[PDB]
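**Student:** just dropping in an experimental structure and the matching sequence.
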Amino acid sequence: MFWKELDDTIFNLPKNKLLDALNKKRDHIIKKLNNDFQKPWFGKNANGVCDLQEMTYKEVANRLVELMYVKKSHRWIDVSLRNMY
Amino acid sequence: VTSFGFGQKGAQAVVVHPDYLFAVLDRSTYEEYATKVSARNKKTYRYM
């Protein structure tokens, strides 16, 4: 349902209104990428959601282990994501 | 810092270390101060 909300509003726009609509809809999009959608927002500093450039390198790396390594089954999602980390 | 100019224009500054400012203020004010500096340092880091 969140896929459809971005289809009627953001994704049908042309290129000139695309970057402006994402700026005004930003913290609302970040709200349901974390809550509703399967691909989360990557930025997470001091348990606060954030932008990417306000994260340290260690919490950038530990968030890559959080979102690409399955700790319950001790395996990666992909080898090519292991070759990304 | 002394500077001598044309037209009989001499000058002198004296530049004291910051730690002699950071001992006229108590423990509550300093450790509240050092946080906003560490906040601004990372924010100016991203800007620079």
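**Tutor:** Perfect, thanks for sending it. Numbering: from 1, shown residues only, chains lettered A, B, ... in the order given.
**Student:** centroid-nearest residue for chain B?
**Tutor:** residue B:18 (5.7 Å; C-alpha atoms, centre = their mean).
**Student:** from residue B:37, how far off is it?
**Tutor:** Distance of residue B:18 to residue B:37, given as C-beta to C-beta, to the nearest Å: 11 Å. C-beta: built from backbone N, CA, C; applies to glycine.
**Student:** next: residue A:64.
**Tutor:** From residue A:64 to residue B:37 the distance is 30 Å (C-beta to C-beta).
**Student:** ok, those two, which is more surrounded?
**Tutor:** Each of residue A:64 and residue B:37 had its neighbours counted (other C-beta atoms under 10 Å in any protein chain shown), and the higher figure belongs to residue A:64 (14 against 9).
**Student:** can you tell me the SS state at the more buried one?
**Tutor:** Here residue A:64 is helix, with the state taken from DSSP: H, G, I helix; E, B strand; the rest coil.
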